[PDB]
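Note that the sequence shown covers residues 465 to 488, 490 to 580, 593 to 644, 651 to 764 in PDB author numbering. A virtual CB, placed ideally from N, CA and C, is assigned to each residue, including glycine. Have a look at the structure below, then the notes.
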Amino acid sequence: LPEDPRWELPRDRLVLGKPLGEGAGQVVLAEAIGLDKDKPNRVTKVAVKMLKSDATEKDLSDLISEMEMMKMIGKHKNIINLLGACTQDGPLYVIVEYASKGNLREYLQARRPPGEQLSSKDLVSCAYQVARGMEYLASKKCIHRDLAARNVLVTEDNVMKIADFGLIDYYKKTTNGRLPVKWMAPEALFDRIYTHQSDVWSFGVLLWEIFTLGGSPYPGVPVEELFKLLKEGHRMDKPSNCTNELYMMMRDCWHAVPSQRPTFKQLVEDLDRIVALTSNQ
Ligand SMILES: C[C@@H](Oc1ccc2[nH]nc(-c3ccc(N4CC5(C4)CN(S(C)(=O)=O)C5)nc3)c2c1)c1c(Cl)cncc1Cl
């Protein structure tokens, strides 16, 4: 691989830790010593993406393309930023920001009341940050294609960061058994058309995910039945503990006509206003 001095990190400055997630492409917790040359004695907790034992040549290509995509897209608070890479004299390591509190689905579920505590403002605030993150990506012509709570990460300071933005079997399930088709917009699901507007649909589900504290969409619904519901124009019920205004927002996001869905630009402005008017108690 060519070196790119801007981003390169010597391997002796990277102490690998425990695995965060696998694939069979995998991710590992690590510590970078002097991630920026200006601050060389600092240790930073990072996540390192790398190949697994039986990766293809095209798997490598994909990881490289992901790295280059991130360089193109640039920095933003509400995305997982590239920090560095090891491309020389050893396997490819792609160093990204570490998110201590896991993905948003896990974060929400872990903070459900008994049967630490997220206020109404916290929930709305969560949606704002995710919208702000998607607006940036969208402004950089980046289409996520699987925007969901599982692909939003949460830092030590409760900052929402969008993941796997720089990357089909419909019946394949996620790590804990959810079907990604349930986040897909109709035009994407049927006509295989992906736009920013299709991400807005998916953001609609993400909203629903938030105000159900990591609820599972369409529980017990297989793929064939999902097609049925969408063709019938069915829409998920308003969650309990969720205003009409926010439900309207989801419904707007789930507008059958893509052009009639709001832009993330609009969703950022609306959520800005709502956060400030939502109480923290
Ligand atoms: C595939 C992996 O990809 C990445 C890519 C960059 C990252 N930066 N930071 C992470 C990360 C860091 C910590 C972390 N966890 C530690 C905990 C969740 C488990 N709890 S705990 C220790 O309190 O029980 C927090 N999960 C993910 C991370 C994961 C991933 C995972 Cl494991 C979970 N959800 C989404 C995705 Cl995309």
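Cβ neighbours of residue i in the same chain (closer than 8 Å, five flanking residues each side left out)
i: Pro556; result: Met515, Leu516
i: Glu496; result: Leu478, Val479, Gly481, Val508, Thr509, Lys510, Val511
i: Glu472; result: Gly549, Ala550, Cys551, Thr552, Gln553
i: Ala488; result: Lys517, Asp519
i: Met637; result: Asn543, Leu569, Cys603, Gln606, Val607, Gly610, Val629, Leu630, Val631
i: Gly716; result: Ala739
i: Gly499; result: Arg477, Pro505, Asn506, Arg507
i: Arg661; result: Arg627, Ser699, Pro700
Close Cβ partners of residue i (< 6 Å) along its chain, the five nearest in sequence each way excluded
i: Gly485; result: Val492
i: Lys566; result: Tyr572, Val631
i: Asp641; result: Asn628
i: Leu494; result: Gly481, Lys482, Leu484
i: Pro466; result: none
i: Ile538; result: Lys617, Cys619
i: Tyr653; result: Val664, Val706
i: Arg576; result: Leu595
i: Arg470; result: none
i: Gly580; result: none
Contacting residues, own chain, Cβ-Cβ under 7 Å from residue i (five flanking each side not counted)
i: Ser762; result: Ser597, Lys598
i: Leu644; result: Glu531
i: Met534; result: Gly643
i: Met733; result: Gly687, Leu690, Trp691
i: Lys523; result: none
i: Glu670; result: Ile676, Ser681, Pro741
i: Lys721; result: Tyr730
i: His541; result: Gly610, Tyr613
i: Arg718; result: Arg734, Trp737
i: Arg622; result: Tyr677
i: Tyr558; result: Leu478, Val513, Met515, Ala550, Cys551
i: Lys656; result: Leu662
i: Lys502; result: none
Nearest-angstrom Cβ-Cβ length linking residue i and residue j, presumed shorter than 8 Å
i: residue 649; j: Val683; result: Residue 649 cannot be placed in this structure, since the chain goes from 644 to 651 without the numbers between.
i: residue 649; j: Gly490; result: For residue 649, nothing is modelled; it lies in the interval where the chain passes from 644 to 651 with no residues in between.
i: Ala615; j: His679; result: 5 Å
i: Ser681; j: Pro741; result: 7 Å
i: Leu672; j: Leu600; result: Not quite, the Cβ-Cβ distance comes to about 27 Å (not below 8 Å), so this is no contact.
i: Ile560; j: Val513; result: 6 Å
i: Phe694; j: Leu729; result: 7 Å
i: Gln574; j: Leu696; result: 6 Å
i: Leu624; j: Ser685; result: 4 Å
Residue i Cβ short of 7 Å to ligand 3 heavy atom set
i: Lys482; result: Only ligand 1 can be found as ligands here, which leaves ligand 3 out of the picture.
*Are at least three pairs of beta-carbons, each pair with one atom in the stretch 622 to 637 and one in the stretch 725 to 732, less than 8 Å apart?*
The stretch 622 to 637 is not in contact with the stretch 725 to 732.
*Could you name each continuous alpha helix (DSSP H) segment of 4 residues or more that falls completely within the stretch 507 to 549, going from the start of the chain to the end?*
522 to 538
_Uninterrupted alpha helix (DSSP H) stretches inside the stretch 722 to 752 (no shorter than 4 residues)_ = 727 to 736
*So, do the stretch 749 to 756 and the stretch 593 to 612 have three or more beta carbon pairs nearer to each other than 8 Å?*
Verdict: yes, contact present.
*Counting pairs of beta carbons, one from the stretch 663 to 670 and one from the stretch 692 to 706, are three or more of them closer than 8 Å?*
Verdict: yes, contact present.
*Considering only residues of the stretch 553 to 577, which uninterrupted beta strand (DSSP E) runs meet the minimum length of 3 residues and lie entirely inside it, listed in chain order?*
558 to 562
*Taking the runs of the alpha helix (DSSP H) that are 4 residues or longer, which of them lie wholly in the stretch 657 to 699?*
669 to 674, 679 to 694
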